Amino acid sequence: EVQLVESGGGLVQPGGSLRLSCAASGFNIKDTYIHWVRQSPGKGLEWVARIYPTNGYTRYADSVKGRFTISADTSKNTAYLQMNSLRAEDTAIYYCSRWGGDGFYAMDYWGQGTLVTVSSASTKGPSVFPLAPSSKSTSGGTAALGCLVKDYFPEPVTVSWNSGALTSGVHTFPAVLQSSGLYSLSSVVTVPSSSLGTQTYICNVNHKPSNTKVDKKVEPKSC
């Protein structure tokens, strides 16, 4: 199986430097072009740079020339993007992709992508609060409950339920940027009313930028 895995993305101050890696497996990067492509609210999908590891030839987008460099280590089957003099406009998901693989003249595999956030704001871990099921969150024999993941920076956070064993009926809402400059989101799940009190429900919250990992048991309130 062909795979590309980006790593290295994170919060960086304007003017700062970051280095991304793109680890390839299932093919040899000597046989293809490797590209970096980014995706942002402001510019959508935007090509950044490419390299042909066989001969080392590179090309760059005008907007990153001089500030970014692309390179590759064929012995580690890995490509890199050095990112200097960073600006707000560089905030984006960075993907690596291959081109010309197996004779296909398109980008036929893309990695999951890694988020780069260019900001002077500080890292902050979320508080995780229960959304307890109650007489006000049930109807038709089913009940809603959840977790409120509040006041974190930067993105991303991940939320799962019962260590990923619970997926049916889950809605994890898009993160919202609050006026404070911090993010917040809720994740809810709908379950049988009759399961409350017998089945344990835990939301697993991870905010890697702050090394925050919370497992929150959510249950009906006391009275």
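From 1 onward, residues are counted along the sequence shown.
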{"item": "Per the entry, higher mean C-alpha B factor between 67 to 75 and 89 to 97", "value": "67 to 75"}
{"item": "Stretch with the greater mean C-alpha B-factor as recorded in the entry, comparing 163 to 171 against 182 to 190", "value": "163 to 171"}
{"item": "Residue with highest C-alpha B-factor in the PDB entry, from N84, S122, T114, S139", "value": "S122"}
{"item": "Assigned third (lowest, middle, highest) for the C-alpha B factor of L196", "value": "highest"}
{"item": "Assigned third (lowest, middle, highest) for the C-alpha B factor of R19", "value": "lowest"}
{"item": "Position of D62 among the chain's modelled residues by C-alpha B-factor, lowest, middle or highest third", "value": "middle"}
{"item": "Third of the chain, ranked by Cα B-factor, where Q39 sits", "value": "lowest"}
{"item": "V157, C-alpha B-factor rank within chain (lowest, middle or highest third)", "value": "highest"}
